[PDB]
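Taking the form deposited without the partner chain, here's one chain by itself in C-alpha cells.
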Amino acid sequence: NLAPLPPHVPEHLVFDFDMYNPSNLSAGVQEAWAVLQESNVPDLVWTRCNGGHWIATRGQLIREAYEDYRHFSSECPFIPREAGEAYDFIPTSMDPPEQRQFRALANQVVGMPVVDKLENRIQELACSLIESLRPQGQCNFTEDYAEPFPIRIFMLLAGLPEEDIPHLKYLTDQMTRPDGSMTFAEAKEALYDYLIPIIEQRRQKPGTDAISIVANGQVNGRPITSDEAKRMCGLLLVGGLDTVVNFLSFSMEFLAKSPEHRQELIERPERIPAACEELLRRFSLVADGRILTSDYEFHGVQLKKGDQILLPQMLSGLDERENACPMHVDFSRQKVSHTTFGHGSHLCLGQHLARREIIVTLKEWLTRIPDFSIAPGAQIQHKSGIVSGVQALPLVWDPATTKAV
C-alpha cells in the first residue's frame, strides 16, 4: 500500500521502506533497517508506505535534523500522519522554548537524583527475580524478567498498582507497534481515561510519587493545568514501559549467543559501562521523526512544508561513517557513537534510569547464571515500529552451573 508520489519528489529518491514491516525482519530488526545504509541508497529517501514520508539514513543528517527545531518540528513526531497528529504527549510534541519548562519538570521526577535514590530497589528487584529464575534452568526472558523488572520499578516510582500492568502494557504496544486493533487516537484516549482520575486524586491529596509531583508542579511561574499533567504523565508511562523492556531482550539475545562476550564481562567487570554503551549502539531501537514547518532545502533535497521525515535514532550508530564494522559488537571500541537516547533538545530524560537498569541486570545475571543459551529449536522474532522489540526469548541453562548469592 504505496501512496502516489507527491510532485516534489524526484523518483530516484524513492526507496519503499515500511518502518512497520521491513523486508529483512527474519535476520533481525537492526539488520532489516540497515538496508537503508547500503550503497544503492541515497542518504535522504522518500518512501511511499505509511502514507509517504522522508527517511534520513545517516548519522549526520539525523543529528542535524534533530538539532534544527525551526525546520523540523516535534509537533507531529509519529508516522503515519494521523498518529503524529493525535500525538499530544509533553514534552515530546513541543519545540523549544515552550518545551523547556515542561522538560525541567519531568526531569524532577526521573532525573539523576531520583535514580540515585532508587538504586537499592533496582538492585534488590534484579537479584530477586534472577535468584527466583536460577534453579529452573529455563525462562521466557521477555515475560519472566524483561517486563517485570523495569515495569515494577516504574510502578513503584509512579505509585501505581502492579495490577494495572497488562492494560497499560497493551495500550503502550499499540502506540509504538500498531497491531491494527486500535488506532493511535483510541489507544491514546484509553491511556487517558486511566490517568485522569488518578491525576484528580493527586491534585487533591498529594503523595511523594512521580504523578503527585507532576500534577502539582510549576511551569513558567504558574501551576500546571490538569491536561498538561495528564499529557506529561502519559509520556512517562509509555516512555519506559516499552523502551527498557525491549532493549533488555535484544541484549540478552546477543549474550545467549556469544559466550566470549559474557566471559569478558565476568572477568573484567570494569568493562560493563563500556559494554552497556556498545549494546545501546548495536541494539538501538527507537525510530521517530519531525514535521517540516516550511519549504526548506536540506542536503540538496526539496522538503515541502508539512512533509514528515523519519529520523531513525537507530541508524546513526549502525552507520559505517560513524562506527567501523557496525554490526560487530566490540566492548573495547575507542568511540561508541550513537544517538540511542536521541539528539537535540529532546534528549532522553530517562537515560539515567535505563543505564542503571541495564548495568544491574548484566552484572546481576552474569553473576548467578554465567552460562545460558537460546532454547533448542527456538526461532526469535523481532518486531518493528517506533520502538522495535523481541516477541519472546526462550533461554535454557544447567542449574548445576549457576551460583546462588
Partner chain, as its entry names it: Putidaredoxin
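Numbering follows the first chain given and starts at 1.
This protein has a second form, the form solved in complex with the partner chain, left out of what is shown; the following refers to that one.
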Study note, to complete from the structure: Only hit among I266, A104, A324, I196 for heavy atom within 4.5 Å of the partner chain in the deposited bound form is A104
Review point. Which one of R58, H343, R48, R368 is close to the partner chain in the deposited bound form, taking close to mean a heavy atom within 4.5 Å?
Key: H343
Exercise for review: Report whether the minimum heavy atom distance between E67 and the partner chain in the deposited bound form is within 4.5 Å.
Suggested key: yes
Practice item. Indicate whether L349 is a 4.5 Å heavy atom neighbour of the partner chain in the deposited bound form. Key: yes
Check your understanding: Is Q201 close to the partner chain in the deposited bound form, meaning a heavy atom pair under 4.5 Å apart or at it?
Key -> no
Review point. Even though the partner chain is not shown here, does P113 get within 4.5 Å of it in the deposited bound form, heavy atoms only?
Key: yes
Exercise for review: Determine which one of 257-265, 288-296, 137-145, 104-112 lies within 4.5 Å of the partner chain in the deposited bound form, judging by heavy atom distances; exactly one does.
Suggested key: 104-112
